[PDB]
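**Student:** Below is the structure I would like to discuss, written out as structure tokens.
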Amino acid sequence: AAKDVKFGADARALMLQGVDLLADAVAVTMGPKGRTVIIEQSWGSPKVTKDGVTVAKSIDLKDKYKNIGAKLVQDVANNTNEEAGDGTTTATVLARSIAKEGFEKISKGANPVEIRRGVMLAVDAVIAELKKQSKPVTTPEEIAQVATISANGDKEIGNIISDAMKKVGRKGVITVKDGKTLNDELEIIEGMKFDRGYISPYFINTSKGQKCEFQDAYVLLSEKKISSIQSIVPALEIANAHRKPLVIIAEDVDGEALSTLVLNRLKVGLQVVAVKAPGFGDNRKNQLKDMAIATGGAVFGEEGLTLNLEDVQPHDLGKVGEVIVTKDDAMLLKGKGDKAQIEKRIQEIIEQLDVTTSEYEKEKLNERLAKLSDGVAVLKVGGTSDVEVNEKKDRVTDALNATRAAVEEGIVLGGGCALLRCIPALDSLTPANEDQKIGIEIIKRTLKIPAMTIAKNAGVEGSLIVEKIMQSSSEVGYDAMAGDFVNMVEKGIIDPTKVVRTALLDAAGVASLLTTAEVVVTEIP
Amino acid sequence: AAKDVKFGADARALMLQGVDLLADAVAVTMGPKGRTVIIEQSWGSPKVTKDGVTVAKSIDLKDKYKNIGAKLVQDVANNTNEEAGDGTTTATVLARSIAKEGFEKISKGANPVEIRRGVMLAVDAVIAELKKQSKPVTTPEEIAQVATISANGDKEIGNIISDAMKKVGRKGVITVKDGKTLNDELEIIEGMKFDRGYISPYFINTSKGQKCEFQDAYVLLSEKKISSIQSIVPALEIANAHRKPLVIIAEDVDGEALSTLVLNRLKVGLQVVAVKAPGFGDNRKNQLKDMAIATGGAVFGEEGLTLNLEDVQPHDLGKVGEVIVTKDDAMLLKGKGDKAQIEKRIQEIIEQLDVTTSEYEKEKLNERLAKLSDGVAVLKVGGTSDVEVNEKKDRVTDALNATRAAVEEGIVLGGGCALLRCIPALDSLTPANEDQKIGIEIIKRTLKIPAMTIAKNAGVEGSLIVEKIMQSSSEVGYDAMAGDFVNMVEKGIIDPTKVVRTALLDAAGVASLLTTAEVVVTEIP
Amino acid sequence: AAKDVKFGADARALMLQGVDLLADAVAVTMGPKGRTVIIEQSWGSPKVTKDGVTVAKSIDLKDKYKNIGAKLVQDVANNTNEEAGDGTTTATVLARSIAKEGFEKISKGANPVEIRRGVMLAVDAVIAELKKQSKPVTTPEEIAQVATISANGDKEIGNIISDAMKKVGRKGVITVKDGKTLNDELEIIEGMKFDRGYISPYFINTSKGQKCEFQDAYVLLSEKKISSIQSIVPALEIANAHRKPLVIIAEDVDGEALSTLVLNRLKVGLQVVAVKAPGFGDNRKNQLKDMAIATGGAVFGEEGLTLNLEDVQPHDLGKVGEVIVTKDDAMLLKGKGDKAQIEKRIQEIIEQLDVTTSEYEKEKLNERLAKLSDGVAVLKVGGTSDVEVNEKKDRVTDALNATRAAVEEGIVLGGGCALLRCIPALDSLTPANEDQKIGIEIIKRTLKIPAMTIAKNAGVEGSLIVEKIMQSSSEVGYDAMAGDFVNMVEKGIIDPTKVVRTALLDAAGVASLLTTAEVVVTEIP
């Protein structure tokens, strides 16, 4: 495979020319006044959209170096911001602006590593300032306010969100479902969730949204890894006898099992899904034991009690009402089993919390406790018809992910004004040398970019708006919807702090990586 | 898949150059004096035609951006106006005119969003004026007048249309059939219709017209969705034993059932069709219960009474005389079952209407009531031979769809004069700024376009006609057929108001979407 | 499928340049002095010919627009004149001349629709004049004269033609056959003919002439359509047991039956042919009943008497001596069955004619009567050897079709002089405006075209001949064979009036359609 190689500024120029296409195509769709972008798909109608992540995930350039620039911006600013579809555009625009500004200085004689150090210093100072001028959200009234704000004034949606949240706590688990009724209602049910996603992207069922959904499946628990281990088909025997699905939880899946399952799901699509074990080490073992207690099954490891995957009985497996598994996330609903032995295990974990003393110990114990003592709250959204319910479910999920992101680290002024308020923090910072001072001036400039872009999307003169917002009060900002200055928190122009912080971090990281890369090696066409 | 990306005016120019080809190819065939368009099909004779929707659905450009412009105009102005073949051309021409006029101003410095706001304001004012200067149709005499007018003076066709309509009411159901006789006659028969179309476009039988027709089929009712559920073939067993067809009604069809049915219909074409459930939620369940009562079958859900798709008996399914299903529309004819239990269910729904009180409740109850208490009227058109009957059936369907569209929202002056009479309404409107004033001048101009185009198609000087019609009386207009001014309602130059309103709405929407699009991303060849 | 689109004069120019190639290639072979045209077929010798329809059906241009022009002229001037091979060339030449003349005026500022109206007025006046100056043929002496004239003086052929005609009447049925003898002789035999052609072009047997011939076949009668209905193979069982063929008459054939029959005829060629039902409605049913009475079979509809296609007995089907079926035409010969019940059915139809009173009723009754009471006359042509008989059969068919066309609407002066005599009728016509006057001058010119072309083919100066024929007597014309003026009816330069009328009608229609077409959309190569 013959390769081509370019060096220094010669390759950085091409990477930047590839970046500023994605940046321009995404910066259009920022803010509430975001315009539309026509994306031609081959067979059907050209898809119109106003959503930054779709535009970003779409484009793919022809030239090799431009494509690697675009892909470098994408696979971080997008892949690292899967929580909400709001921070990705900000990340890409900040990244392009930092990179383009720094390329000028390093082409005019500055030292790249010094600029990267200065930029990292500035970004640390700005994140520090953010963590100060933020304000938390810890009372159900404020929770209702922020929820309703995120749902665009829907008092009912914000109300039901706060009701679920204050019922299952801040660290609880929340899910949305379609209640087949006219009115939305909140329900709490038996279930448990852990943070291990699906292993096979071919497992995708109910494809839209990249999910994997199955009903009343059987549950398998295996401490021993089933990597390159056939004889999984004994379980499939009873899983075909009883048409109910089955789920398997192994230390890992590889070789025989992996290759057979991917292909048979591709061609038959049998109702089984594989997921990695949730915990680690002894905590993993005790977690699988708790899950077996909660599902009515048993671990399929040979240690202790004798049981193998070579044979299966209907009472050996576990049973639950529903299961949902997606990227990095998986959950189980309405588990079967010994309801009295579940309480016995709860008491066991209580006495464990009583006896153990270390931070890690009691932490993992609280995790295992909450994973069984507290149920999940399902939001049964409803409406007149599925054409309404399918859209309201998406709005509810958006508002839910917004408020969950807000409760973690508070909220700040929306509309990109937050970064504007953090500019005076750069004054106190002192550079070690003049290159590290240019590394501060760069952030000084690039912090005003999201506000300028939202203003320009609203059709208004950007710099005129940003200079006035800068000199104005600390609590007032620009509302692109109404086109005039307003008290943001009062009006509701807010956004979670985690989003701004993550966006700025990823932007700085990618821009550094892209302005210090010295050698680019690409295939030859 | 390498993509290409263009920005702003540079892409809008190409999209507009792609639009004005479809607009020119369709504007020719407008009015009664519409010319002809030679469409070469590959194998046979070049098809001559004077029908706007065929010309529109035909063309498909070479360049990518021109093609997306043409497709943007098509997939709305056509797909949204499937009711009658008259509004689509008007929609496309209005869209092109608005877009071309606005592109000039936004190339001369105006703000796109402001123009779109002004245009939306003007369109709202014009639709308001239409809803005023319209006049309803609510008496059988006026119904006969408008029917005969739509059928081009055929007193017999309009008479039979009004007879069917006043017999089954305004909201009744009407169908046309071939009576195998010399004289057309009206018949009312047992049946029911709901608004869920076919799921598989491969189901098309009696292909011309995109329909699906079957006789004396069996009826299946399944509240449980059969998505990715095999064992549908038990029913197919008895459906092959008795050569009579079968229809299935499920919450949904997917996976196993979908993939098997599409392919076996492609290669064998077995006499079964799948359709989505008609209602929603509890209303869906009660609707399926009423349909089972009306057909002699039973719901195949496991709840309550035990019954599965794994086994079928001839008396488990429903039975009807005929079934027709098309896009968004499906109906059943001459259902079997307990004629006494049908009356019992009718009394049940009557007492339900008595007890329940909410608007939604009594609305759905009236729907379920009328879906069983009132039969459908079938129009048995007849003639000397099928070469006449096949054409008369199409004329009758056209007149029927025209009068049904007229009874909903009244009628207005035909020949595009209606929009001309709505021009003085734009005087009272006031703009917030000068861009929103150009957004009014644009509609001021584009409202005169359909009349100008019909006049030009008649070979007459357009502006000369439109200025005289503007200054003339409110009730007089231009008759391109006779080539002179005439009292329209008196002569019969009319058209339903719904058509003009929908055409103007879709035109404004598409023109806005096309004059504000900022980024176009297309595949590379 | 990317398309290309041209507008107005720009596309009409290309269509006309495509037309004037077919027109020139066919105008050569007009008249008796028609020259020859070398048509290269790929494998064998280049086929020489002097026949206009073969030259026309042959050519097929390269460019798309030229090809659609040529195909537009072809698929009407040919497809509408399948009766005799004489009118097609005249139609194409008149069409080209009108179109080329009108393109000049519409390129010099005239209104196309006005010209089309004027041209239609002129053509109506000319057809009126023709219907006046024609003269009928209603006596056996005149029949013999016109027959002998059409057969180029063959007294024997004209004599036998008149003998058959005056024996079976003007509306009788006549067929030609090869008598295997030295002398031609006339025979009348049992049979019946109806006007429904073959359904499958793959049915072609005895391929030359596009016919379908079979001997002593079985006859099937099915009122119920066999569209998408298998189990036709029960009949094929006995149709293979007895090697005699079978014919089926269904309301329609589609799906299962169509797809199986086309392919098995392609690969096996079993001796069965399918034809559409002859009549319509109740008349269709009574016609099938009469045909069953006449053939010894029975209708295979389930109504009344029980009988299905699922089973067949040798006495259920009908039986006839011979059957011939071609495009739009099908006939049966020497039917079997109850010769006494046939007379009983005849008496039934007689009493029906007695009781019924409406025009349509007695008309259909006379049709059903004559279809059984009167036999067909077969012309057994003969000669020394098949090399002579095969050519004499074609000459006899030509003369027969000529005299049958003459008896319908009389005869006129041959050699294109008829249209010349109709020129003075255009004087009385008055135009509404000057464009409709150019629409008269165009026909004034184009009427002299066939005579000019025949003269030029004879090598003589055309205009010199046409001016002298114009000023000469009403009964004298030009004989290109002898090259001098002669009394046409006396010499025998005649042609049926139907041919001239149809040619002029089709020419005017195509020329209008081609000079008013505004948009041409063609595939891109």
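Identifiers in the structure tokens: chain A, B, ... in order shown; residue index from 1 per chain; ligand index from 1 in order shown.
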Return as a ChimeraX atom specification the residues belonging to chain B that are within 8 Å of chain A, counting only C-alpha atoms.

**Tutor:** /B:1-4,68,71-72,75,111,113,280-282,513,516-523

**Student:** Pick out the residues sitting within 9 Å of residue A:249, and hand them over as a ChimeraX atom specification; count only C-alpha atoms, and ignore anything fewer than 3 positions along from it in its own chain.

**Tutor:** /A:219-223,252,273-278,288

**Student:** Find the residues near residue C:194: any atom within 7 Å, counting only C-alpha atoms, skip ones fewer than 4 places away on the same chain, and give them as an MDAnalysis selection string.

**Tutor:** chainID C and resid 278 329:331

**Student:** Residues as selected, C-alpha atoms, written as a tab-separated table (two decimals), in the first residue's frame, can you do that?

**Tutor:**
chain	number	residue	atom	x	y	z
C	278	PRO	CA	-66.50	-10.56	-28.20
C	329	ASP	CA	-59.85	-9.96	-35.85
C	330	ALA	CA	-60.74	-13.54	-34.96
C	331	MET	CA	-62.97	-16.13	-36.58

**Student:** Residues within 9 Å of residue A:480, please, as a list in words. Count only C-alpha atoms; anything in the same chain fewer than 2 positions from it doesn't count.

**Tutor:**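 Answer for this query is residues 31, 32, 33, 415, 454, 455, 457, 458, 460, 478, 482, 483, 484 and 485 of chain A.
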
**Student:** Write out as a PyMOL selection string all residues of stretch 384-425 of chain C that backbone DSSP assigns to helix (DSSP H, G or I).

**Tutor:** chain C and resi 386-409+417-421+425

**Student:** Could you save the residues just selected, with N, CA and C atoms, as a PDB file, in the first residue's frame?

**Tutor:**
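New file selection.pdb:
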ATOM      1  N   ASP C 386     -47.436 -23.674 -55.657  1.00  0.00           N
ATOM      2  CA  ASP C 386     -47.523 -22.786 -54.505  1.00  0.00           C
ATOM      3  C   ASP C 386     -46.786 -21.474 -54.732  1.00  0.00           C
ATOM      4  N   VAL C 387     -45.746 -21.481 -55.568  1.00  0.00           N
ATOM      5  CA  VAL C 387     -45.036 -20.240 -55.856  1.00  0.00           C
ATOM      6  C   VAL C 387     -45.952 -19.245 -56.557  1.00  0.00           C
ATOM      7  N   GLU C 388     -46.958 -19.736 -57.281  1.00  0.00           N
ATOM      8  CA  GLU C 388     -47.953 -18.856 -57.882  1.00  0.00           C
ATOM      9  C   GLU C 388     -49.104 -18.591 -56.921  1.00  0.00           C
ATOM     10  N   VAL C 389     -49.527 -19.626 -56.194  1.00  0.00           N
ATOM     11  CA  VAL C 389     -50.707 -19.518 -55.341  1.00  0.00           C
ATOM     12  C   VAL C 389     -50.456 -18.533 -54.208  1.00  0.00           C
ATOM     13  N   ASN C 390     -49.248 -18.550 -53.644  1.00  0.00           N
ATOM     14  CA  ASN C 390     -48.939 -17.656 -52.535  1.00  0.00           C
ATOM     15  C   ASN C 390     -48.994 -16.195 -52.955  1.00  0.00           C
ATOM     16  N   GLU C 391     -48.657 -15.898 -54.209  1.00  0.00           N
ATOM     17  CA  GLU C 391     -48.705 -14.520 -54.683  1.00  0.00           C
ATOM     18  C   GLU C 391     -50.121 -14.136 -55.100  1.00  0.00           C
ATOM     19  N   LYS C 392     -50.833 -15.066 -55.739  1.00  0.00           N
ATOM     20  CA  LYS C 392     -52.204 -14.788 -56.147  1.00  0.00           C
ATOM     21  C   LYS C 392     -53.106 -14.596 -54.938  1.00  0.00           C
ATOM     22  N   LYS C 393     -52.832 -15.312 -53.848  1.00  0.00           N
ATOM     23  CA  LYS C 393     -53.597 -15.110 -52.626  1.00  0.00           C
ATOM     24  C   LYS C 393     -53.426 -13.690 -52.113  1.00  0.00           C
ATOM     25  N   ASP C 394     -52.198 -13.175 -52.155  1.00  0.00           N
ATOM     26  CA  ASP C 394     -51.969 -11.808 -51.707  1.00  0.00           C
ATOM     27  C   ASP C 394     -52.668 -10.807 -52.617  1.00  0.00           C
ATOM     28  N   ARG C 395     -52.602 -11.018 -53.934  1.00  0.00           N
ATOM     29  CA  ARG C 395     -53.322 -10.125 -54.840  1.00  0.00           C
ATOM     30  C   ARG C 395     -54.823 -10.158 -54.575  1.00  0.00           C
ATOM     31  N   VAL C 396     -55.371 -11.346 -54.320  1.00  0.00           N
ATOM     32  CA  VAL C 396     -56.802 -11.468 -54.063  1.00  0.00           C
ATOM     33  C   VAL C 396     -57.169 -10.754 -52.772  1.00  0.00           C
ATOM     34  N   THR C 397     -56.342 -10.905 -51.736  1.00  0.00           N
ATOM     35  CA  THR C 397     -56.604 -10.196 -50.488  1.00  0.00           C
ATOM     36  C   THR C 397     -56.552  -8.689 -50.683  1.00  0.00           C
ATOM     37  N   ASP C 398     -55.601  -8.206 -51.482  1.00  0.00           N
ATOM     38  CA  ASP C 398     -55.524  -6.774 -51.746  1.00  0.00           C
ATOM     39  C   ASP C 398     -56.785  -6.285 -52.446  1.00  0.00           C
ATOM     40  N   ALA C 399     -57.199  -6.976 -53.509  1.00  0.00           N
ATOM     41  CA  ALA C 399     -58.398  -6.562 -54.231  1.00  0.00           C
ATOM     42  C   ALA C 399     -59.633  -6.642 -53.342  1.00  0.00           C
ATOM     43  N   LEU C 400     -59.695  -7.655 -52.479  1.00  0.00           N
ATOM     44  CA  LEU C 400     -60.846  -7.822 -51.601  1.00  0.00           C
ATOM     45  C   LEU C 400     -60.930  -6.689 -50.592  1.00  0.00           C
ATOM     46  N   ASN C 401     -59.810  -6.369 -49.946  1.00  0.00           N
ATOM     47  CA  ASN C 401     -59.801  -5.251 -49.015  1.00  0.00           C
ATOM     48  C   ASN C 401     -60.064  -3.929 -49.714  1.00  0.00           C
ATOM     49  N   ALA C 402     -59.668  -3.799 -50.979  1.00  0.00           N
ATOM     50  CA  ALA C 402     -59.953  -2.572 -51.711  1.00  0.00           C
ATOM     51  C   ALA C 402     -61.443  -2.432 -51.992  1.00  0.00           C
ATOM     52  N   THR C 403     -62.085  -3.503 -52.460  1.00  0.00           N
ATOM     53  CA  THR C 403     -63.501  -3.401 -52.797  1.00  0.00           C
ATOM     54  C   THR C 403     -64.360  -3.288 -51.543  1.00  0.00           C
ATOM     55  N   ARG C 404     -63.942  -3.933 -50.450  1.00  0.00           N
ATOM     56  CA  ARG C 404     -64.679  -3.784 -49.201  1.00  0.00           C
ATOM     57  C   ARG C 404     -64.573  -2.366 -48.665  1.00  0.00           C
ATOM     58  N   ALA C 405     -63.423  -1.725 -48.846  1.00  0.00           N
ATOM     59  CA  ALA C 405     -63.292  -0.322 -48.488  1.00  0.00           C
ATOM     60  C   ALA C 405     -64.079   0.582 -49.420  1.00  0.00           C
ATOM     61  N   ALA C 406     -64.234   0.180 -50.682  1.00  0.00           N
ATOM     62  CA  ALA C 406     -64.991   0.993 -51.625  1.00  0.00           C
ATOM     63  C   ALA C 406     -66.486   0.936 -51.352  1.00  0.00           C
ATOM     64  N   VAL C 407     -67.017  -0.246 -51.033  1.00  0.00           N
ATOM     65  CA  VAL C 407     -68.458  -0.374 -50.839  1.00  0.00           C
ATOM     66  C   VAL C 407     -68.943   0.409 -49.628  1.00  0.00           C
ATOM     67  N   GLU C 408     -68.064   0.700 -48.670  1.00  0.00           N
ATOM     68  CA  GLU C 408     -68.492   1.413 -47.472  1.00  0.00           C
ATOM     69  C   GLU C 408     -68.829   2.865 -47.782  1.00  0.00           C
ATOM     70  N   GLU C 409     -67.955   3.557 -48.513  1.00  0.00           N
ATOM     71  CA  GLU C 409     -68.141   4.985 -48.729  1.00  0.00           C
ATOM     72  C   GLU C 409     -67.945   5.410 -50.180  1.00  0.00           C
ATOM     73  N   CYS C 417     -56.113  12.792 -57.697  1.00  0.00           N
ATOM     74  CA  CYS C 417     -56.863  13.872 -58.328  1.00  0.00           C
ATOM     75  C   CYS C 417     -58.047  14.299 -57.471  1.00  0.00           C
ATOM     76  N   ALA C 418     -58.567  13.386 -56.648  1.00  0.00           N
ATOM     77  CA  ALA C 418     -59.722  13.704 -55.814  1.00  0.00           C
ATOM     78  C   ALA C 418     -59.479  14.951 -54.976  1.00  0.00           C
ATOM     79  N   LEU C 419     -58.376  14.972 -54.229  1.00  0.00           N
ATOM     80  CA  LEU C 419     -58.049  16.147 -53.434  1.00  0.00           C
ATOM     81  C   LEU C 419     -57.925  17.391 -54.301  1.00  0.00           C
ATOM     82  N   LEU C 420     -57.461  17.238 -55.542  1.00  0.00           N
ATOM     83  CA  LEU C 420     -57.379  18.383 -56.442  1.00  0.00           C
ATOM     84  C   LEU C 420     -58.762  18.937 -56.748  1.00  0.00           C
ATOM     85  N   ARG C 421     -59.728  18.052 -56.994  1.00  0.00           N
ATOM     86  CA  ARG C 421     -61.087  18.495 -57.273  1.00  0.00           C
ATOM     87  C   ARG C 421     -61.757  19.133 -56.065  1.00  0.00           C
ATOM     88  N   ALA C 425     -63.654  24.039 -53.096  1.00  0.00           N
ATOM     89  CA  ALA C 425     -64.509  24.132 -51.919  1.00  0.00           C
ATOM     90  C   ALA C 425     -63.930  25.077 -50.876  1.00  0.00           C
TER      91      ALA C 425
END

**Student:** Can you tell me how far atom CA of residue B:203 sits from atom CA of residue C:254, in Å to one decimal?

**Tutor:**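 That distance, rounded to one decimal, is 16.1 Å.
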
**Student:** Using only C-alpha atoms, can you tell me which of C:120, C:305, C:438, C:333 comes closest to residue C:191?

**Tutor:** C:333

**Student:** Measuring between only C-alpha atoms, which one of C:81, C:308, C:97, C:472 shows the shortest distance to residue C:508?

**Tutor:** C:97

**Student:** Just list the residues in stretch 176-387 of chain A DSSP gives strand (DSSP E or B) on the backbone, as an MDAnalysis selection string.

**Tutor:** chainID A and resid 176:178 185:189 191:194 198 211:215 218:222 226:227 246:250 253:254 272:276 299 318:326 329:335 376:381

**Student:** From the set A:123, A:13, A:307, A:236, which residue has the shortest atom-to-atom contact distance to residue A:509, counting only C-alpha atoms?

**Tutor:**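 Among the listed residues, the smallest separation from residue A:509 belongs to A:123.
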
**Student:** Counting only C-alpha atoms, what is within 8 Å of stretch 316-323 of chain A, bar same-chain residues fewer than 5 positions away, as a list in words?

**Tutor:**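 Near neighbours after the sequence-gap exclusion: residues 213, 214, 215, 216, 217, 218, 219, 220, 221, 292, 295, 296, 297, 298, 330, 331, 332, 333, 334, 335, 336 and 337 of chain A.
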
**Student:** Identify which of the residues A:511, A:524, A:503, A:15 lies closest to residue A:82, counting only C-alpha atoms when measuring atom-to-atom distances.

**Tutor:**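 Distance minimum relative to residue A:82 lands on A:503.
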
**Student:** Could you give me, as number ranges by chain, the residues within 8 Å of residue A:158, counting only C-alpha atoms and dropping anything in the same chain fewer than 3 positions from it?

**Tutor:** A: 144-149, 151, 154-155, 161-162, 399

**Student:** Could you write out the selected residues, including C-alpha atoms, as a short mmCIF file (atom, residue, chain, number, x, y, z; two decimals), in the first residue's frame?

**Tutor:**
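As written to disk, selection-v9.cif reads:
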data_model
loop_
_atom_site.label_atom_id
_atom_site.label_comp_id
_atom_site.auth_asym_id
_atom_site.auth_seq_id
_atom_site.Cartn_x
_atom_site.Cartn_y
_atom_site.Cartn_z
CA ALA A 144 -38.99 22.58 37.24
CA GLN A 145 -37.76 25.94 35.96
CA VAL A 146 -34.81 24.46 34.08
CA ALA A 147 -36.86 21.54 32.74
CA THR A 148 -39.62 23.80 31.40
CA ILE A 149 -36.93 26.05 29.93
CA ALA A 151 -38.64 21.94 26.82
CA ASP A 154 -43.97 23.15 28.03
CA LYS A 155 -45.13 23.40 31.65
CA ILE A 161 -39.79 15.58 34.47
CA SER A 162 -39.32 17.20 37.87
CA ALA A 399 -35.48 17.90 27.80
#

**Student:** Residue C:23: which residues within 8 Å, counting only C-alpha atoms, same-chain residues fewer than 4 positions away excluded, as number ranges by chain?

**Tutor:** C: 19, 27, 92-93, 96

**Student:** Output N, CA and C atoms for every residue in the selection just made, as an mmCIF file, in the first residue's frame.

**Tutor:**
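Output contents, as saved in selection.cif:
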data_model
loop_
_atom_site.group_PDB
_atom_site.id
_atom_site.type_symbol
_atom_site.label_atom_id
_atom_site.label_comp_id
_atom_site.auth_asym_id
_atom_site.auth_seq_id
_atom_site.Cartn_x
_atom_site.Cartn_y
_atom_site.Cartn_z
ATOM 1 N N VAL C 19 -38.952 14.341 -39.112
ATOM 2 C CA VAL C 19 -40.111 13.922 -39.895
ATOM 3 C C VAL C 19 -39.773 13.897 -41.377
ATOM 4 N N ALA C 27 -42.208 9.153 -49.713
ATOM 5 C CA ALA C 27 -42.832 9.815 -50.852
ATOM 6 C C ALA C 27 -42.292 9.281 -52.169
ATOM 7 N N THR C 92 -48.475 10.273 -44.491
ATOM 8 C CA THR C 92 -47.187 10.806 -44.059
ATOM 9 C C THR C 92 -46.771 12.016 -44.882
ATOM 10 N N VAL C 93 -47.001 11.983 -46.194
ATOM 11 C CA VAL C 93 -46.568 13.096 -47.030
ATOM 12 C C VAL C 93 -47.399 14.338 -46.742
ATOM 13 N N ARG C 96 -46.179 15.777 -43.363
ATOM 14 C CA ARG C 96 -44.944 16.544 -43.467
ATOM 15 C C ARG C 96 -45.182 17.874 -44.154
#
